[PDB]
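Presented below is the structure to which this report refers.
Derivation of every value follows stated rules applied to the coordinates shown; laboratory data play no part. For neighbour counting, all protein chains shown are included, and Cβ atoms are generated from backbone atoms with ideal geometry for every residue, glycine included.
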Ligand SMILES: Cc1cc2c(cc1C)N(CCC=O)c1c([nH]c(=O)[nH]c1=O)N2C[C@H](O)[C@H](O)[C@H](O)COP(=O)(O)OP(=O)(O)OC[C@H]1O[C@@H](n2cnc3c(N)ncnc32)[C@H](O)[C@@H]1O
Ligand SMILES: Cc1cc2c(cc1C)N(CCC=O)c1c([nH]c(=O)[nH]c1=O)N2C[C@H](O)[C@H](O)[C@H](O)COP(=O)(O)OP(=O)(O)OC[C@H]1O[C@@H](n2cnc3c(N)ncnc32)[C@H](O)[C@@H]1O
């Protein structure tokens with residue numbers, strides 16, 4: 001319990017109208033940056049509009065996925081591999097997912113061949129795959145059996161010097177996963193390894209306060225935490241859970257423009273802290289990308305920050321970003337690995353993403369949507 | 001005793017009966033002779049070899065557009081049931097809006113029907129969750145008393161045009177209320193002389209055969225020939241998750257996919273023996289299921305005896321090998337969603353969970369590791 005942790009708990013269901021003023025202020029950029037980002041975003045979108053579930057899986061096995069990664073790695077992309085599987089319901093399921101993560105780390109770490117955590121591939125895990133009652137069991141007990149398993153995987157990732165990222169899932173599990181992150185970052189057995197990563201979801205009202213906590217945790221622990229900033233994949237489920245809960249105040253925003261403002265405000269916070277964290281800006285939205293690209297300034301080196309995208313979704317955009325003929329910024333591809341069976345839940349989230357009229361990836365193909373609208377700055381519209 | 005005490009008690013008794021206890025009667029009723037099994041395998045092989053030979057889910061943004069796009073397949077012998085996309089109304093104004101959409105749709109469908117009747121002409125499908133703002137949460141007394149006048153009014157309009165009006169099936173915990181509503185409507189004298197009322201029953205539910213017993217007996221005492229759409233069920237993943245959260249030791253649906261297949265065939269046998277008082281509507285995209293029912297029904301057929309059904313954008317390739325004199329000479333009604341993205345997502349997700357699952361026929365037909373031998377195998381032989 002600390003002041004920084006208390007700010008997280010207090011924001012859980014803070015009224016949406018009270019959350020926004022600090023985010024609007026933090027997301028307000030200078031005119032020069034807004035004009036430059038509008039220019040870059042227009043160029044990216046004009047390139048995109050000149051362009052156009054097997055498409056979402058990189059390979060059935062990690063051996064297959066590693067082989068298919070060589071082409072894009074020489075173009076300037078990196079990878080984070082996702083062994084598909086989540087929401088384990090039995091001990092045997094959780095055990096199989098653990099062994100899949102373990103064998104993937106060995107294969108990825110050997111494939112990395114000393115490239116390190118920024119140039120080389122990493123892995124992403126879901127805590128719900130590793131505990132059989134993750135969402136339906138008491139938080140303290142879950143962390144007690146979960147911690148040995150995650151620490152063991154982190155130690156393997158440290159052995160090979162690869163990244164290991166904890167994906168973010170439902171809002172009611174943020175606190176648990178955050179407690180696990182702190183324990184690992186203070187664990188002396190993992191010293192000297194900067195590969196521990198953590199996702200934060202900008203559609204959550206707690207997002208800026210989680211980031212404050214993580215930035216301070218990195219500074220005091222000496223671990224350069226990899227922080228993947230996403231908007232959030234579970235919006236429809238969080239709304240439906242909240243409506244059943246009968247609460248007037250949800251843990252997430254209810255207007256897409258509020259999430260957009262929150263993302264930019266949180267990106268500003270992360271870019272001001274690149275000494276102690278490694279920001280990873282996961283988005284397919286060209287306006288969001290352009291804003292962050294200019295927010296970050298003229299100084300860049302590999303390891304300062306990176307972009308990220310999903311396999312099968314982000315390559316048309318990020319082919320206009322990676323490489324010396326483009327923006328010369330790196331992008332890490334999130335790469336699902338597994339069978340069609342384990343793919344289903346991920347596919348459903350991709351459908352809610354790709355099929356929503358509010359999504360950038362749908363609007364880019366919508367004849368009713370002008371380029372002028374696609375490059376609108378969310379602060380100026382909110 | 002209470003009215004229909006025995007039949008109603010049998011439904012309640014099955015609600016969460018152990019799965020192993022549910023299956024033996026279903027396996028017996030779903031067992032067919034070797035000769036019929038041989039003929040059905042031949043038909044299913046033909047259908048699949050035809051199939052493996054050769055936005056997509058919405059028929060139009062408005063009912064007028066959807067009706068225009070229906071002419072081509074109706075000329076071939078298909079019929080339609082239109083689904084104005086919308087469900088799980090959260091406000092009272094949302095429910096009134098959905099009501100007015102159904103009302104306007106019935107007028108348009110009824111005009112387009114132009115007197116073709118409930119079997120050859122188009123009909124409509126409704127969801128009760130669209131018509132009450134707290135359908136899943138509110139007490140049954142309140143839900144019934146506000147929903148019943150709305151559904152009666154829509155049924156009266158359907159009667160006035162002589163079109164079908166089907167109540168779709170949703171979550172398992174809504175079955176009891178929807179069935180009580182069906183009974184009150186079938187006994188309502190204001191709807192007399194119209195056989196267009198329809199009702200969906202989900203064969204992945206343990207209650208399915210006992211619900212069918214109740215519906216067949218209701219048809220006998222009401223004088224209505226009830227249209228019964230037999231489906232396997234669209235909410236399987238959600239029911240499993242809900243039952244786990246609810247702390248249940250036994251679920252209201254089957255957990256082995258072939259058990260649902262056996263349940264479906266057993267319930268088709270029950271419906272096919274009652275075509276005097278119900279109109280069976282066999283909704284499936286599975287060519288093995290279709291072939292089994294086609295042969296179970298025997299050689300005598302006329303339009304109005306029974307029909308098949310399929311979803312727009314999923315079933316037309318299969319049923320183009322079924323409709324028509326040169327094929328199987330059996331009709332098929334296409335379920336036709338009408339709307340925009342503001343109501344499409346929830347349908348898409350149920351469709352993706354259907355199309356994306358390793359166990360689904362529509363996925364297995366495209367799976368190189370699944371032989372035609374396995375696709376035509378009778379599931380009843382696997383469990384017998
Ligand atoms: C690119 C990426 C995304 C995600 C993950 C990694 C990478 C590299 N990651 C792992 C995969 C898990 O699904 C991850 C994600 N989400 C999450 O909660 N935890 C994780 O660990 N990833 C998905 C990500 O959150 C996001 O959904 C997508 O990238 C799309 O967002 P993007 O910035 O590309 O696109 P926009 O279209 O500008 O935004 C879409 C998002 O907007 C939000 N939304 C939509 N309607 C809203 C309303 N009415 N109110 C509030 N917010 C709304 C949603 O978040 C929507 O996704
Ligand atoms: C064709 C059709 C389908 C449905 C409806 C109308 C028509 C014309 N109808 C309205 C649309 C609603 O979404 C309807 C449906 N479902 C429902 O519960 N209520 C309704 O009012 N419709 C969908 C239908 O139930 C079904 O999902 C599909 O047609 C697919 O079934 P089909 O016979 O095509 O395919 P099969 O692949 O042989 O079987 C798939 C089904 O098997 C069940 N399943 C999946 N996993 C299972 C496990 N582990 N145990 C037990 N059962 C399992 C599911 O029912 C799955 O759909």
Scanning segment A:354-382 for residues that are assigned to a helix (DSSP H, G or I) and away from every other protein chain (no Cβ under 11 Å) gives A:360, A:361, A:363, A:371, A:372, A:373, A:374, A:378, A:379, A:380, A:381
Return the total of residues in segment B:134-171 being within 16 Å of ligand 2 (Cβ to nearest atom), within 24 Å of residue B:16 (Cα to Cα) and out of contact with any strand residue (DSSP E or B) (no Cβ under 6 Å at 6 or more places or on another chain). 4
Restricting attention to segment A:210-232, does a residue exist that is in contact with a strand residue (DSSP E or B) (Cβ under 7 Å, 6 or more places away or on another chain), more than 14 Å from chain B (Cβ to nearest Cβ) and at positive phi? yes
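Would you call residue A:326 surrounded by 17 or more Cβ atoms within 10 Å (Cβ to Cβ), under 23 Å from residue A:270 (Cβ atoms) and more than 14 Å from chain B (Cβ to nearest Cβ)?
Details: surrounded by 17 or more Cβ atoms within 10 Å (Cβ to Cβ): no; under 23 Å from residue A:270 (Cβ atoms): yes; more than 14 Å from chain B (Cβ to nearest Cβ): yes.
The answer is no for residue A:326.
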Counting only residues that are farther than 24 Å from residue A:229 by Cβ, give me the helices (runs of 4 or more DSSP H) lying completely in segment A:70-189 with at least 1 of them. A:70-75, A:91-112, A:139-160
So, in segment A:220-237, of the ones that are in a helix (DSSP H, G or I) and farther than 17 Å from residue B:242 by Cβ, which residue ends up nearest to the chain's Cα centre (by Cα)? A:235
Among the listed residues B:259, B:285, which satisfies the condition of being more than 16 Å from ligand 1 (Cβ to nearest atom), within 17 Å of residue B:210 (Cβ to Cβ) and away from chain A (no Cβ under 14 Å)? B:259
Pick out, from segment B:247-321, the helices (runs of 4 or more DSSP H) lying fully within it that include 1 or more residues that are within 18 Å of residue B:381 (Cβ to Cβ). B:257-272, B:287-296
Test residue A:143 against the criterion of being crowded, with 23+ Cβ neighbours inside 10 Å and touching a helix residue (DSSP H, G or I) at 6+ places or on another chain (Cβ under 7 Å), and give yes or no. no
Can you tell me which residue is farthest from the other protein chains (Cβ to nearest Cβ) among those in segment A:335-353 that are touching a strand residue (DSSP E or B) at 6+ places or on another chain (Cβ under 8 Å) and away from ligand 2 (no atom under 16 Å from the Cβ)? A:335
